[PDB]
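Below are two forms of the same protein chain, given as structure tokens: structure 1, then structure 2.
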Structure 1
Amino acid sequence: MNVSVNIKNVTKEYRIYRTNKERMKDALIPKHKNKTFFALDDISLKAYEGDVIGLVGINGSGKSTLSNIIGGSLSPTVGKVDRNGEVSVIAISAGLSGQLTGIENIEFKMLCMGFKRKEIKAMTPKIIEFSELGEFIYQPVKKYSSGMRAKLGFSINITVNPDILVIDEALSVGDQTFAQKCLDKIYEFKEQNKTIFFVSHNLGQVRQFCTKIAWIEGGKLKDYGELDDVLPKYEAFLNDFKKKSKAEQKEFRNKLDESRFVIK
């Protein structure tokens, strides 16, 4: 019951200017107030220890923004979030230079995180064995396929031990055997009491991966709860949206857009 991540009233706004030249107007004299877009609004989150939490929602709901805020690459406009450990985030396109080869990419990544060269050379064989790259580890990364790049990035991130791990649709390109291996690794990490966040648009993978569900609709948390409770509501909402006619769908999207934008 160790509180891993706590989020209290996190809110994020973005300033929208139709013209590129309007950026300087509000930067030199503070009297200007333009239109703003609420990417997030009053999100409260409590992630305990040994939990797999899956974020669900339609495109543009604000899952990547929340994942980046948890990771630390973004700063909330209002509110604070505290983490009891070190976090690492994997995305659909991780940091891998196309010109560099696999070994150069590995040493670059582990140098940015702050590992000595002897530690890098000691940890390299584990990455090599987990990636199943073979000869192609010596070839340039640009020669890799998408699944091979995903495997290399996932192995690099997994080999170092993070307290909190975030996966943001990274497994979509990987095949089924890689998914099973990642599932075994996730079970081991759960045994090690790490906290894992999983984002995917494949509902079967979410069902077989996650244990708690957070539903985000238009930047607001519609529902947080157990898998068996929240997931059926999301599926029923998807079927109901499929039932609706085109005009009703357009009206619903327009209502969400009206709610999200405000002039202040």
Structure 2
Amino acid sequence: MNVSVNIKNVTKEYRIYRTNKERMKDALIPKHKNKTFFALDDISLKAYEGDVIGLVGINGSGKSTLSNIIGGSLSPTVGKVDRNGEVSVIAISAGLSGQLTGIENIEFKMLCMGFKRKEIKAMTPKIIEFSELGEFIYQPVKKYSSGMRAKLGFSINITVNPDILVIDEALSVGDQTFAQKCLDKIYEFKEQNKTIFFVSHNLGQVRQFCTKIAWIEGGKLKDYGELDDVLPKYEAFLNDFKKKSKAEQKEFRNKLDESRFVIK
């Protein structure tokens, strides 16, 4: 009943250049007209506490732009985001250095997330136990496999305790023997009534995890509502798209991209 995230009329615009001469004229002339791309265009949705919201849409729709705007990394060109509570983003690799050993990466990434010295010293061993790396935790991260690096990054990233959580493209990580622990940890995050924003193309995890769907189409919020109301319509759009010809799909893509570009 209490609003945790309030997005009001958020627009993200990017100036589009082909040469350095165009970039320099836009910088130096106060009323220069240039091509502008709308990554987002007047997004208005409000999130309550305990809402698990899935961000669906085709490639280049603007869901990572909206997720970065919610997470605070990116500023809106226009509009405001009001967040009641702390925001954490689960991105496994942002603090991981190949040069540092796995034990060193846990402290460096944890320091960069804002944990204190006593907290890092307290919860390093269960991060080591969760990662299941064994003897390679004293080895440099550039010597890891991709699944080992993903497991270590997820084990560091899962220890946050925010009010608003943002997850991008991965509920789970690793092989089949490791994914269930990740699902249990994410479901434990869901169990303590936190606002979770999920950005993925895996519609099975979206259906089994989320409670609300925000459909983004061409920089705009196409639909927002309950999962059983909005997700069948996105699935119907997805099956309707494959039954068109190549000319019809190109016409749809061109009509989508026509409104997103403007000279101003």
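Between two forms, the rigid core is defined as the largest C-alpha subset superposing within 1.5 Å. Residue numbering: structure 1 sequence, from 1.
A.B. asks: Kindly check if the Cα atom of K190 is displaced 2 angstroms or more between structure 1 and structure 2 relative to the superposed rigid core.
C.D. replies: Shift at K190: 2 Å or more after core fit.
A.B. asks: Is the shift of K121 between structure 1 and structure 2 large enough to count as movement, that is, does its C-alpha move by 2 Å or more after the core is superposed?
C.D. replies: Comparing forms between structure 1 and structure 2, the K121 CA shifts below 2 Å.
A.B. asks: Establish whether a shift of 2 Å or more occurs at the C-alpha of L74 between structure 1 and structure 2, with the two forms superposed on the rigid core.
C.D. replies: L74 C-alpha, core-superposed: shift of less than 2 Å.
A.B. asks: Let me know the CA shift of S93 between structure 1 and structure 2 in Å, rounded to one decimal, core fitted.
C.D. replies: Spelling it out: core superposed, C-alpha of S93 shifted, distance 4.3 Å.
A.B. asks: For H32, tell me the Cα shift between structure 1 and structure 2 once the rigid core is superposed, in Å to one decimal.
C.D. replies: After core superposition, the C-alpha of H32 moves 1.4 Å between structure 1 and structure 2.
A.B. asks: Quick one: CA shift at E132 between structure 1 and structure 2, core fit, Å?
C.D. replies: Reported C-alpha shift between structure 1 and structure 2: 2.9 Å at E132.
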